[PDB]
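In: Begin with these chain(s), straight out of the complex:
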Amino acid sequence: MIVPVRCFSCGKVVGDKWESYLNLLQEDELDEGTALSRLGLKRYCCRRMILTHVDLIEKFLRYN
């Protein structure tokens, strides 16, 4: 619904990386993988975390 706080598998915090990831795509124009590696998410477990999140709360917030 939100970025999960950690990688389910290794525990690395990853919930402090969502705004940055999305800034790193739209503002500085990197491809999704270069971006993830810049935030230091280098095992495929953590990468899967950000790369496959879906921010559904951004839809939930349109209701009144």
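Out: Perfect, I can see it now. Numbers count the residues shown, from 1 in each chain, chains lettered A, B, ... in the order given.
In: Can you show me the strands along chain A?
Out: Applying DSSP state E to chain A gives no strands.
In: Could I get the contacting residues of residue A:36?
Out: When contacts are counted by CB atoms under 8 Å, 6 or more residues apart in numbering, residue A:36 touches A:21, A:46-47, A:50-51. C-betas here are computed from N, CA, C, even on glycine.
In: please redo it, this time with the cut-off set to 6 Å
Out: Residues in contact with residue A:36 (CB atoms under 6 Å, 6 or more residues apart in numbering) are A:47, A:50.
In: repeat for residue A:24
Out: Taking CB under 6 Å, 6+ apart as the test, what residue A:24 contacts is A:30, A:35.
In: and it, how far is that from residue A:12?
Out: 18 Å (CB to CB, to the nearest Å).
In: Check residue A:63 too.
Out: 33 Å.
In: Kindly report the same for residue A:64.
Out: 37 Å.
In: higher neighbour count, these two?
Out: Using other CB atoms under 10 Å as the criterion, residue A:64 and residue A:12 rank with residue A:12 on top: 16 against 2.
In: I'd guessed the more buried one sits against residue A:48; true?
Out: No - here residue A:12 lies out of contact with residue A:48, judged by CB atoms under 6 Å, at a distance of 11.8 Å.
In: tack on chain B:
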Amino acid sequence: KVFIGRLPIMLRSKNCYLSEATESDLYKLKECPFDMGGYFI
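Out: Chain B goes in next, on the same frame as the chains above:
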């Protein structure tokens, strides 16, 4: 004029409110913008 009845109306048919609505309008109305219609209540 002269009433003869009640017709259950299919969601997102031309007759139902949702078919003209925009995305904002669907959120104000509490209807998920991904619902697709085609059934009755």
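In: same question on the contacts of residue A:36, but now with chain B added
Out: If you count contacts by CB atoms under 6 Å, 6 or more residues apart in numbering or on different chains, residue A:36 has them with A:47, A:50.
In: Do me a favour and get the backbone dihedrals for the residue of chain B found nearest chain A.
Out: Nearest residue of chain B to chain A (CB to the nearest CB) works out as residue B:27 at 4.5 Å. Main-chain dihedrals, residue B:27, degrees, to the nearest 10: phi -50, psi -50.
In: next one: residue B:33
Out: Main-chain torsions, residue B:33, degrees, to the nearest 10: phi -60, psi -20.
In: Pull the number of nearby residues for the residue in chain A positioned nearest to chain B.
Out: Per CB to the nearest CB, residue A:62 is where chain A lies closest to chain B, at 4.5 Å. Residues lying near residue A:62 (other CB atoms under 10 Å in any protein chain shown) number 12.
In: show me the contacts for it.
Out: residue B:27.
In: where along chain A do the helices fall?
Out: Using DSSP state H, the helices of chain A run over A:18-26, A:32-38, A:44-51, A:57-60.
In: Could you say which of these is packed most deeply?
Out: helix A:44-51 (a mean of 18; mean count of other CB atoms under 10 Å in any protein chain shown).
In: That one versus helix A:18-26: what angle between them?
Out: Angle, helix A:44-51 to helix A:18-26, by axes from the mean of the first three to the mean of the last three CA atoms, to 10 degrees: 80 degrees.
In: following sequence is chain C, add it:
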Amino acid sequence: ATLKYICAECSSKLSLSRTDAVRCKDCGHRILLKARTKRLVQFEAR
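Out: Chain C added:
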């Protein structure tokens, strides 16, 4: 000073019951929401 009910639609603490109707005060909408206890609810964060 209190809560009891809420208006599903026009968002506004109603508070009423029996011989009272089941509608509203400043939208006329027939749908009401019960409103959260004050008894405090605790979660284990697990």
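In: ok chain C is in now, so what about the contacts of residue A:36?
Out: Residue A:36 neighbours (CB under 6 Å, 6+ apart): A:47, A:50.
In: hmm, try it at 8 Å
Out: Residues near residue A:36 by CB atoms under 8 Å, 6 or more residues apart in numbering or on different chains: A:21, A:46-47, A:50-51.
In: Could you list the contact residues of chain A toward chain B?
Out: Within chain A, the residues that sit near chain B (CB under 8 Å from any CB of the partner chain) are A:59, A:62-64.
In: Just flag the most distant two among the contacts of residue A:36.
Out: Using CB to CB, the contacts of residue A:36 reach their maximum pairwise distance at A:21 and A:46, which is 11.3 Å.
In: Name the nearest of the contacts of residue A:36 relative to residue A:8.
Out: The closest of the contacts of residue A:36, once distances to residue A:8 are taken by CB to CB, is residue A:46, at 9.8 Å.
In: If you drop the residues flanking it in sequence, what lies closest to residue B:23?
Out: Closest residue in space to residue B:23, ignoring its immediate chain neighbours: residue B:33 at 5.1 Å, by CB to CB, 6 or more residues apart in numbering or on different chains.
In: Could you find the residue nearest the spatial middle of chain B?
Out: Closest to where the C-alpha atoms of chain B average out (CA atoms, centre = their mean) is residue B:16, at 3.3 Å.
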